[PDB]
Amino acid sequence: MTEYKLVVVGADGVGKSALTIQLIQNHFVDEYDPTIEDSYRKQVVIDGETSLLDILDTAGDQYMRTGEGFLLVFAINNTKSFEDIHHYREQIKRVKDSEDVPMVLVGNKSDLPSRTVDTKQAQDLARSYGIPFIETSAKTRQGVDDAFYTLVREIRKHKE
């Protein structure tokens, strides 16, 4: 079947592992445990077609050249994580020597009340790149399916 290489990127503690674990395990992992590099391979049905999903959960260059699609993650209560976004985007495009890389912007921890980044700012930044913006919460599962689904669709469109 068709195989999709997805890479989840973002600053330390934005919820890269929590989002990945909520997606494929259906539970919220409320614990501190920073990542070096974890990967998961699962079969999933997208728009009626079974495909292989490869998800690389990264730490906050060989994975940027391997990946076919990137989930750019920030935390709504972490301003520095939002500022890092344009840097991750620029690194991926430089590594892949391309300005045609499937990407999705993700604003995580939406369930929290202590936001420091206005959602309007994330929507305008995503629109400036021509990429989708999804508000997510790895705790409530809000937008989690939408974020991974939207990115698989973008990789598939690029593959055809």
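We number the residues from 1 along the sequence you see.
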Taking residue 60 and residue 61 as adjacent modelled residues, how many residues of the deposited sequence between them have no coordinates (none, 1 to 3, 4 to 9, 10 or more)?
-> 4 to 9
Quick note on 24-32 and 49-57: per-entry mean CA temperature factor is higher in 24-32
Once you work out the mean C-alpha B-factor for both 131-139 and 34-42 from the entry, which is higher?
-> 34-42
Of the options 106, 103, 126, 64, which has the highest CA B factor as deposited?
-> 64
Among all modelled residues of this chain, ranked by Cα B factor, put residue 112 in the bottom, middle or top third, i.e. lowest, middle or highest.
-> highest
Check where residue 153 lands among this chain's C-alpha B-factors and tell me if it's the lowest, middle or highest third.
-> lowest
Residue 121 - Cα temperature factor, lowest/middle/highest third of chain | lowest
